[PDB]
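S.K.: compute the structure for the input listed below.
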Amino acid sequence: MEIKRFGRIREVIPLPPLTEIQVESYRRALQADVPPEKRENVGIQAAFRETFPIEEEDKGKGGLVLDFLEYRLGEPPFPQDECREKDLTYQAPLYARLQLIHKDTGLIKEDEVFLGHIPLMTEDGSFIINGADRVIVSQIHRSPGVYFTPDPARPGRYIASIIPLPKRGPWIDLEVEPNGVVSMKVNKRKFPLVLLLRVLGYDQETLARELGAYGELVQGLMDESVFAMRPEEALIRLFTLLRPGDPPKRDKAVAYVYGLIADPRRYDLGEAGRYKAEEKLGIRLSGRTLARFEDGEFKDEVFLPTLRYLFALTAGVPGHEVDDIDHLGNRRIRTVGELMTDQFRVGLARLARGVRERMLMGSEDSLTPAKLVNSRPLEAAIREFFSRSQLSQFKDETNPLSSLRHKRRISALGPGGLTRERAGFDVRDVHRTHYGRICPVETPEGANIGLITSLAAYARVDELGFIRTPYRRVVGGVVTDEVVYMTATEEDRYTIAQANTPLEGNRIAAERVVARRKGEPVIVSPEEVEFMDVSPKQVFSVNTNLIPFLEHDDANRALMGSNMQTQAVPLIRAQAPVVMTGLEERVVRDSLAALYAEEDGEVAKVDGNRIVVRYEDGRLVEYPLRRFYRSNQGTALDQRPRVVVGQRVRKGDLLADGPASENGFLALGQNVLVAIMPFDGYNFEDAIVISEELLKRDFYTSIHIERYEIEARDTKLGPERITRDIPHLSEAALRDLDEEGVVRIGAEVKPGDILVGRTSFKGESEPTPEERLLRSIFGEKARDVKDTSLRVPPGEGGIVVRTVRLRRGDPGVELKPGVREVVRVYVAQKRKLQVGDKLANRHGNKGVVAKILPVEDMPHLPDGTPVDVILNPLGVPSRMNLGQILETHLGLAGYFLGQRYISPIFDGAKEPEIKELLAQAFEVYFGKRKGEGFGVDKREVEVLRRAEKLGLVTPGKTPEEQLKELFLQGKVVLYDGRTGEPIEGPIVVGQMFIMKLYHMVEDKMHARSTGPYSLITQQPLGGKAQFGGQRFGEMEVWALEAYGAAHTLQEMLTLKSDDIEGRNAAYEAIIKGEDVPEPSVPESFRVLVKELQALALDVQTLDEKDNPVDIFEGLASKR
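M.R.: Numbers count the residues shown, from 1 in each chain. Structure as follows:
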């Protein structure tokens, strides 16, 4: 087979390493691979430094100084696989050097204290917290700066806002209401903007004249002169304004807090906050945030500029000072590292909290080790973040691509500080700056839309979480191959042009060529084009970049297409699309599906379980292949070797293919020939008809594994024994229970077979008088033990492929309390395509199989080749994705031309080029037909007649010539198959890639007869093996209400869910073929009345004549 790729826009730079966000974040987070000597000191080392110098001076005796030297973590407790076999949390051990000083001669240095076991990252980017691989999703919020937003209700003038994160740390606002007041608010209640400047040292004259001479608003500043005539007294007076009833005297204590250390922030001195400054407003910062404690007299290079800009912003054009919040230079992305470093420092504080208490508890000087450090906080802290954080989740590895996405996705919801559930519509929309920074398609359909979203192609978090997008420079009418990763803010100052602009190399080619200033489409000239877009791909996400002709498909349904892939299940037979975009390779490669060759060499052994290659360097390494592994969602992950024995390998070539790769290419689902017409009703709204022939060949077939587990609990009644002994009825059910107790590997287990046996005790505390007689009658000596054995839950099971048993003398495992022993059973099963299943192309056509037809009668082509799947046309107009119809056409050519192609995102294949390949195909299709010996059918000519009366073929040309025309159009004649007659009018057909979608646990059709019931509420509940009832909601009640369905509704409210006495007599009644009984009072009612009685109120039902009647049958009358 050969590959021909259509579009030409010189792809100047390769796509970046896809999991860079996740990997580098945790890299800078924990700078452990490099010595404490190395300069990157953010994250762990930073959070450490931040809370390590614990100064505790006086209240009794102090002068405490605990100091940090170097952080070092290095020997992992256990290894990855062992952490998954055994329930383990893969975490690296960390103990840094600590030395506590004294006011008396001596400084004891107690070297190490291992507190906090912190998880590590897999080379792919995912974690291993407990058994299941987990992922930390990125987040979004208001970057810690200062902005000016229009006032709430009064149309008048806008107010200033100073945003300082951590939460603890003031939040200021400047608002002027001129009849006599100005408002500056920290926690809440306002005070003068000048009383503060005065404190710092700014006097009425110097302030007013230099800052607001051009700003008449200065007059509100010099207004309350009585107070402005006393400097340092203004410090005490403001202290007074705050309100507790505090000591007037506190030299420079509170001023410190809004000064140097805590509340303002330790975010890197230089670019963290000072970026938002110099460009937006004010020029300098002396000390990270407004900070100083050298002379007692504070310096504030930030407090005046904010007002300065307020007087500026309100008076004209110093610049145009209006901040669009949603500008990405305002919204920052929290990479993994930050998310962990934060919980790491929260823990450090918790640690430092308790240590302070022990600086007073330890008797004399030997207090370095145990007296100061206790590992309880850091453990619970960090542990809580990797196992309980809302942000870290189950790795979604239905198929590699999926997991990869789930690793890079960015969420809103989180810490609570950033953006909760309330504010949405302004955030949820795709802001202008989302260009190359975030896909506009990739987000989730559903209430949680736009909030959660994976990033774009070239998108990269630079120094601080600002998705910069690449844009190449174009000096004059010359375009460069140089690129600038620009901040959201800066992007607006320039005139940017799109990549579609006719390019000769460095020369732009058309006078009137498009560009877009700031979120505004603008036809600019080649001489104004300052910067140009990097690529069509950078605009969207990876997950989206994989769609063939995205260009022709409505963004709305292309979403479906991008989310559909995430739901692709690995088929044992994986095929790449007949038409691909260009990233399938990079996807599998950057994801860690296939196994690539490190350096060049030859192959030694090619097992089904290992490929030991021999590099030319004189070395050889054994490469194990995850034979059959259980993915979190139960999809097979097998690495099938593609290299033969003794083969010279190129550096970086596929040795084995991943779960879903054909040949180093991403492959989900399979390319299938498809006719696109209506069948009876089998494809009516969105139903798919499939040719049995697709099952004959193991085409849509996937392997699944579920992991049934049971424990031997310790009851005070007697241990639950796990033995082959199943107390009451047969050995036939014991067969596969070969091993005493456990089931035999490779055994076919159907629903209702014992996967594992176990025996608990019969009653709660006492035996049974009635059951005493029965046992005695046929065999008194009866094992009183109960059959509590793990069984095959309704639904299905396959063949047991692996089992695990953890008994008494535990190796290095964590058995929970009460838990005597555990028994895991991995079962696998082959899933052949069936009518309940749902398949869907990458464009969005989603649908379920409604009928598997016999190859016998489905639409067949002139040469006996039949179609596999028949898609309904009606699903194409409403939705707007012609891309699928464009795929099928190129596919048709690929079929007869025996070749696959690569049609890039927007630069790809063009309508004439395709017609050109179809032209080539007609000769393979019909050329052979000529030579093979025959011409045209009565049928073939017949459809032609109707085709010309239609207008598809130029009247008067020869059928041979006409069919070519008709073929070029992408459609060919098809015969019925059932009748053998033709289908009046040419129908299109061709190679369309189609994937099969994963079946959720819900998919397991739940049917429930009778079963459990909740303890407090008496309504049907399921769980393990009894399915649990369906909800009958209000919207449904009314549906019945509307109908004269009186009884049917009572039933739903009595006999079916709550009537305790009702349901019982109900069943029984049915059992004897008696018409169900007439409902007794529902427990809902009774529970109510009593709840109501629980409160003073008395609810008594009444009779015809206002007299009692009784709901509580006989249990309320007394004694």
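
S.K.: in CSV, list the C-alpha atoms belonging to stretch 217-231.
M.R.: Presented in CSV, the C-alpha positions along stretch 217-231 are these (Å, rounded to 0.1, in the frame of the first residue of the first chain):
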residue,chain,number,x,y,z
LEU,A,217,-10.0,64.4,41.8
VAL,A,218,-7.0,65.3,43.9
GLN,A,219,-9.4,67.6,45.9
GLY,A,220,-11.1,64.5,47.5
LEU,A,221,-7.7,63.5,48.7
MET,A,222,-6.8,66.8,50.5
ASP,A,223,-10.3,67.1,51.9
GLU,A,224,-10.1,65.9,55.6
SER,A,225,-7.0,68.0,56.4
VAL,A,226,-7.6,67.8,60.2
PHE,A,227,-6.2,64.2,60.2
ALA,A,228,-3.7,64.8,57.3
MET,A,229,-1.7,67.1,59.5
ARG,A,230,-0.4,64.3,61.8
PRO,A,231,2.0,61.6,60.2
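
S.K.: pull out the buried positions in it.
M.R.: Across stretch 217-231, burial judged by 16 or more other Cβ atoms under 10 Å covers 217-218, 220-223, 228. Backbone N, C-alpha and C define where each C-beta goes, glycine included.

S.K.: now stretch 411-428
M.R.: 411-415, 418-419, 424.

S.K.: switch those over to a markdown table; also include secondary structure and distance to residue 434.
M.R.: Compiled in a markdown table, the buried residues of stretch 411-428 are given as follows (DSSP: H, G, I helix; E, B strand; the rest coil; distance: Cβ to Cβ, whole Å):
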| residue | secondary structure | distance to residue 434 |
| --- | --- | --- |
| 411 | coil | 15 |
| 412 | coil | 13 |
| 413 | coil | 18 |
| 414 | coil | 19 |
| 415 | coil | 22 |
| 418 | coil | 17 |
| 419 | coil | 15 |
| 424 | coil | 16 |
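
S.K.: so which of those residues is the closest to residue 628?
M.R.: residue 411 (32.8 Å; Cβ to Cβ).

S.K.: show me the contacts for that closest one.
M.R.: 137-140, 391, 451-453 (Cβ atoms under 8 Å, 6 or more residues apart in numbering).

S.K.: most neighbours among those residues, which one is it?
M.R.: Greatest neighbour count in the contacts of residue 411, by other Cβ atoms under 10 Å, goes to residue 138: 26 neighbours.

S.K.: how is the chain divided into domains?
M.R.: 2-8+668-698+832-1004, 9-143+324-470+536-592, 144-323, 471-535, 593-667, 699-831, 1005-1115 (curated CATH domains).

S.K.: wait, residue 544 sits on residue 443?
M.R.: No: applying Cβ atoms under 8 Å, one finds residue 544 not in contact with residue 443, separated by 10.3 Å.

S.K.: the more surrounded of these two?
M.R.: residue 544 (29 against 23).

S.K.: measure the more buried one to residue 162 for me?
M.R.: 39 Å (Cβ to Cβ, to the nearest Å).

S.K.: again, but for residue 200
M.R.: For residue 200, the distance to residue 162 - Cβ to Cβ - is 15 Å.

S.K.: and these two? Which one has more around it.
M.R.: residue 162 (21 against 18).

S.K.: next one: phi and psi at that one?
M.R.: Backbone geometry at residue 162, expressed as degrees, to the nearest 10, gives phi -110, psi 110.

S.K.: can you tell me which residues contact it?
M.R.: 146, 170-173, 306.

S.K.: can you rerun that using 7 Å?
M.R.: 146, 171-172, 306 (Cβ atoms under 7 Å, 6 or more residues apart in numbering).

S.K.: same question, residue 718
M.R.: Applying Cβ under 7 Å, 6+ apart, the residues near residue 718 are residue 761.

S.K.: so how far is residue 931 from it?
M.R.: 84 Å.

S.K.: what's the answer for residue 201, then?
M.R.: Applying Cβ to Cβ to residue 201 and residue 931 gives a distance of 100 Å.

S.K.: just residue 745 next, same as before
M.R.: Taking Cβ to Cβ, one finds residue 745 at 57 Å from residue 931.

S.K.: how about residue 455?
M.R.: According to Cβ to Cβ, residue 455 stands 55 Å off from residue 931.

S.K.: rewinding a little: residue 745 and residue 931 - which one has more neighbours?
M.R.: The neighbour count for residue 745 versus residue 931, taken as other Cβ under 10 Å, is higher for residue 745 (15 against 8).

S.K.: hmm, that one is touching residue 804, no?
M.R.: No: using Cβ atoms under 7 Å, residue 745 is not in contact with residue 804; the gap is 11.4 Å.

S.K.: report the central residue of the chain.
M.R.: residue 406 (4.1 Å; Cα atoms, centre = their mean).

S.K.: who are the contact partners of residue 861?
M.R.: Each residue near residue 861 by Cβ under 7 Å, 6+ apart is listed here: 972, 974.

S.K.: repeat that for residue 813.
M.R.: Residue 813 neighbours (Cβ under 7 Å, 6+ apart): 86, 806.

S.K.: tell me the SS of it?
M.R.: For residue 813, the assignment made with DSSP: H, G, I helix; E, B strand; the rest coil gives coil.

S.K.: what's the distance between it and residue 131?
M.R.: For residue 813, the distance to residue 131 - Cβ to Cβ - is 12 Å.

S.K.: and stretch 585-604, C-alpha only, in CSV?
M.R.: Provided in CSV are the C-alpha atoms of stretch 585-604 (Å, rounded to 0.1, in the frame of the first residue of the first chain):
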residue,chain,number,x,y,z
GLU,A,585,1.4,8.6,14.4
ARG,A,586,2.3,11.2,16.9
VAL,A,587,-0.7,10.3,19.0
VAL,A,588,0.4,6.7,19.6
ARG,A,589,4.0,7.8,19.8
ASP,A,590,3.5,10.6,22.4
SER,A,591,0.9,8.5,24.2
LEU,A,592,2.6,5.3,25.4
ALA,A,593,0.8,2.7,23.4
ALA,A,594,3.5,1.2,21.0
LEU,A,595,7.0,0.3,22.1
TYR,A,596,9.7,2.1,20.2
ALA,A,597,13.4,1.2,19.6
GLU,A,598,15.9,3.3,21.6
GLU,A,599,19.0,3.1,19.4
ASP,A,600,19.8,1.2,16.1
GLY,A,601,20.7,-2.5,16.2
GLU,A,602,19.3,-6.0,15.3
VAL,A,603,16.7,-8.2,17.0
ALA,A,604,17.6,-11.3,19.0
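
S.K.: chain neighbours aside, what residue packs nearest to residue 176?
M.R.: Once flanking residues are discounted, residue 176 sits nearest to residue 182: 5.2 Å by Cβ to Cβ, 6 or more residues apart in numbering.

S.K.: run a quick neighbour tally on the closest residue to residue 392 other than its chain neighbours.
M.R.: Excluding its sequence neighbours, the residue lying closest to residue 392 (Cβ to Cβ, 6+ apart) is residue 136, at 4.8 Å. Residue 136 has 26 neighbouring residues, counting by other Cβ under 10 Å.

S.K.: hmm, residue 337 and residue 136 touching each other?
M.R.: No: using Cβ under 7 Å, residue 136 makes no contact with residue 337, being 9.4 Å away.

S.K.: between the two ends of stretch 291-299, what distance do you get?
M.R.: 7 Å (Cα to Cα, to the nearest Å).

S.K.: ok, and what's touching that stretch?
M.R.: 200-201, 251-252, 255-256, 259-260, 264, 286.

S.K.: again, 6 Å this time
M.R.: By Cβ atoms under 6 Å, 6 or more residues apart in numbering, the list of residues contacting stretch 291-299 from outside reads 200, 252, 255, 259-260, 286.
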